[PDB]
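Using the deposited numbering, the first residue of the sequence shown is number 23, and each one after it goes up by one.
All residues carry an ideal CB built from backbone N, CA and C; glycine is no exception.
In what follows, a structure is listed as structure tokens, so that the remarks can point back to it.
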Amino acid sequence: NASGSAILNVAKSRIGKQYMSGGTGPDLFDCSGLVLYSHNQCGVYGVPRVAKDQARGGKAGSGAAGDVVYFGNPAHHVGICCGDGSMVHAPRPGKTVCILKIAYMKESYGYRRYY
């Protein structure tokens, strides 16, 4: 899907940007801020601000490019699916935005779709 790929491309564009609690871009990100930025930049409105709400909004996803992957219920972490088992995410204070295999989180996860 083209909108999905667009959200992914915006997320990828932020690879290397520093983590900051409260960051939604363009230069500093928390996990849910990266998600929010990536959608907003593509005109995909309606995405909530924090991880726990992003996990509950939109519709069920499949893990295709641009879907939101969330971790836990209530969710404490999110990323943007690459569509290949990996995600773009803002990991934690002291890391930068990067790609990580979703399985490496070693915890419960699901997918939402906002496009």
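Tell whether a beta-carbon distance below 9 angstroms holds between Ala82 and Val100. no
By a C-beta neighbour count over all protein chains shown, 10 Å radius and 16 as the cutoff for buried, is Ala112 buried or exposed? buried
What is the C-beta distance between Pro96 and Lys74, in whole angstroms, given that I count them as a contact (C-beta under 8 angstroms)? 5 angstroms
Go to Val90, then tell me how far its beta strand (DSSP E) extends in each direction, as first and last residue. 90-94
CA-CA distance, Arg134 and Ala87? 11 angstroms
Measuring alpha carbon to alpha carbon, tell me which residue in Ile121, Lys117, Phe93 is nearest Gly105. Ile121
Coil, strand or helix - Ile102 by DSSP: strand
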